[PDB]
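Let me begin by presenting the structure, written as structure tokens, before commenting on it.
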Amino acid sequence: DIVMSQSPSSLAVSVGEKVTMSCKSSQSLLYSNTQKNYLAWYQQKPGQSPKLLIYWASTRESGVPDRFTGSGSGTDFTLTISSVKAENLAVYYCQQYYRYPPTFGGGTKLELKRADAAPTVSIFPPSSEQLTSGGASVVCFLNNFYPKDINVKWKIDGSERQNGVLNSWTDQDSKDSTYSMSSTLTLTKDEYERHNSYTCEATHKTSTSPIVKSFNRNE
Amino acid sequence: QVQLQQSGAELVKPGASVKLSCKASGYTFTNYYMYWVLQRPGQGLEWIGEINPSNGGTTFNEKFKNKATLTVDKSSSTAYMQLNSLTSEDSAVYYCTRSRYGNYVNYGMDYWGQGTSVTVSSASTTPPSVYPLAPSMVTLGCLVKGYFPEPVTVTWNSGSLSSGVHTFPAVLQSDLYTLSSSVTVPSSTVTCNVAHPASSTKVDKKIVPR
Amino acid sequence: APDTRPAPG
């Protein structure tokens, strides 16, 4: 198969910026002396089907504004949005039709740039309702941080714990352009009741030291 | 005018088959190759195969040789894709799509169906357990655990509280789904409202500080 | 050279 590589996978932009995203191909998509390059660009917004923007590397599908510009030749292609609008925030895929199977790139997601924001971090004991099921979930919310890169680390009585941890990340918020994350440490009820201190440590670019939130089961 | 109408969502057990449909209108069906494309949850796009609706000839991706069968009914302008020996790896949204033809290739998939969600698990319909998460501005939450299938809806005070809500994507834990919702409010009751339509479930948990 | 197809119809 031809492999289509898009860089970067994620790109933060401002309304009004010029934006270039890149697409590289493992074989030449240029046929001979025809000056035709067998490459297309698609847009996908969340919960919608993909929309064709560009084909033959540089020709725009009808009804696509000229704010979108395809170019390149052979193996190296780019898509440019000359003046980004909010309605342009999406994933963009490239796709070759030089050879079967047709193959897509991995996509480049366009997000909105904003000022850095530290996570608000909250930790929650298991409810007594839940302890009754003989499982025990400790939840930790990390809310309204920017940028989206973050790590959560769990500690039980001081000792890191990696098993039974489940994380869930929101897409960029439409109100404030932040991200949020939920982390859940899942234990048996027996194990939960054998330990006293539960800690949730967040590492984010806004803080030189981790953000630590804990509770003691007896308190 | 041009329209691809795909069939309803699908929920099936491992080893089953589905036959998805894709009714085409607004153009001469037989004059465009029909492509099928899948998108696994939170992932990219992958081509499955093509059918030439005028003679019914097909080509598949190596990866879907035995997985998929493509056909058409010309008299109803419908393309069909059947999937066999279904694993949970095959849970995804499946698109049918019209390609434009020119210079001897299909150069652009210009109209897409809305997609068809196929979900493959051996789980059965299960209502969620709903647990409270109790602690100037304060945050509370609501853990929604062990339910099948998607989705659930979470609201806070019956819609009253719309500010400061994060409902997180569901996550798979023992073939059943779990999600969390948080809500932030000032200092002085809050109630989370979970609906699981599949199990005719509505449940209101009061969040009791401390 | 591209993988080619005949026109549908």
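Does chain B come out rounded, prolate or oblate, given a ≥ b ≥ c as the square roots of the eigenvalues of its C-alpha gyration tensor, rounded meaning a/c under 1.5 and, failing that, prolate meaning a/b above b/c? Since a/c reaches 1.5 and a/b is larger than b/c, the shape of chain B is classed as prolate. Across segment A:132-140, rounded Karplus estimates of 3J(HN,Hα) from the backbone phi angles (6.51 cos²θ - 1.76 cosθ + 1.60, θ = phi - 60°) give 4, 7, x, x, 7, 10, 9, 10, 9 Hz, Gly and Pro being marked x. Peptide A:3-15 shows a mean partner chain C-beta count of 0 within 10 Å per residue C-beta.
Partner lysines whose Cα lies under 18 Å from the Cα of B:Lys19, excluding those fewer than 8 positions away in the same chain, are identified as B:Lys65, B:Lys67, B:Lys74. Under a model in which nothing but the beta-carbon of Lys, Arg (+1) and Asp, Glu (-1) is charged, the protein assembly as shown shows a dipole of about 460 debye around its Cα centre. In chain B, a dipole from Cβ-located charges (positive for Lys and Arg, negative for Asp and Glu) runs towards its positive end, and of B:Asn31, B:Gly141, B:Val190 it is B:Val190 whose Cα lies farthest in that direction. Shape of segment A:66-136 from its Cα gyration tensor (a ≥ b ≥ c, root eigenvalues): rounded if a/c is under 1.5, otherwise prolate when a/b > b/c, or oblate? In terms of gyration-tensor shape, oblate. Listed as lacking a disulfide-compatible partner in chain A: no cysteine, by the criterion of no other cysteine Cβ under 4.7 Å. A straight Cα-to-Cα reach below 28 Å connects B:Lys145 with the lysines A:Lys148, A:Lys153, A:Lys155, A:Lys175, A:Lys189, A:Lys213, B:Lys13, B:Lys202, B:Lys205, B:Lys206, residues fewer than 8 places away in its own chain not being considered. Placing unit charges on each Cβ (+1 for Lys and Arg, -1 for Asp and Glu) gives the protein assembly as shown a dipole about its Cα centre, and among B:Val165, B:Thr59, B:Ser180 the Cα reaching farthest toward its positive end belongs to B:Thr59. A DSSP coil position with no more than 16 other Cβ atoms inside 10 Å describes the following trypsin sites (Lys or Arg not before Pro) in segment B:2-100: B:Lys65. Only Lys, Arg, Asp and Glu count, each charged at its Cβ (+1, +1, -1, -1), so figure out the dipole size of chain B about its Cα centre, rounded to 20 debye. With only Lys, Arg, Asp and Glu charged at Cβ, the dipole is about 300 debye. Per-peptide packing, taken as the mean over residues of other Cβ atoms within 10 Å, places A:7-16, B:77-86, A:118-127 in the sequence A:118-127, B:77-86, A:7-16 from highest down.
With neighbours defined as other Cβ atoms within 10 Å of a residue's Cβ, the residues A:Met4, B:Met137 order from fewest to most as B:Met137, A:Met4. Which shape class applies to segment A:44-101: rounded if a/c is under 1.5, otherwise prolate when a/b exceeds b/c and oblate if not, where a ≥ b ≥ c are the square roots of the Cα gyration tensor eigenvalues? Oblate, since a/c reaches 1.5 and b/c is not below a/b.
Each of A:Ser137, B:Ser91, B:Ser75 was scored by other Cβ atoms within 10 Å of its Cβ. Arranged with the fewest first, they read B:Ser75, B:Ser91, A:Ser137. For the protein assembly as shown, the residue among A:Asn218, A:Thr178, B:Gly102 whose Cα projects farthest onto the positive side of the dipole built from Cβ charges is B:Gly102. Taking a straight line from the alpha carbon of A:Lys85, these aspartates and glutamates sit under 15 Å away, with near neighbours fewer than eight places off in the same chain left out: A:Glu17, A:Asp66, A:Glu111.
Per residue of peptide A:183-195, the mean number of Cβ atoms on other chains within 10 Å of the residue Cβ is 1. As a rough footprinting exposure proxy, the listed residues A:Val212, A:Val139 were ranked by other beta carbons within 10 Å of their own, and the order from fewest upward is A:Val212, A:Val139. About the centre of its Cα atoms, segment A:1-134 shows a dipole size close to 340 debye [charges on the beta carbon of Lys, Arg (+1) and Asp, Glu (-1) only; nearest 20 debye].
Mean per-residue shielding of peptide B:42-49 is 5, counting Cβ atoms of other chains within 10 Å of each Cβ.
Helix-only arithmetic for chain A: the sum of -39500 (n - 2.57) across DSSP H runs with n ≥ 4, divided by the residue total, places the mean residue ellipticity at 222 nm at -500 deg cm²/dmol.
Only the coordinates and a few stated rules stand behind these numbers; no lab work does. Because the Cβ atoms are built from the backbone with ideal geometry, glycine has one as well, and the counts that use them run over all protein chains shown.
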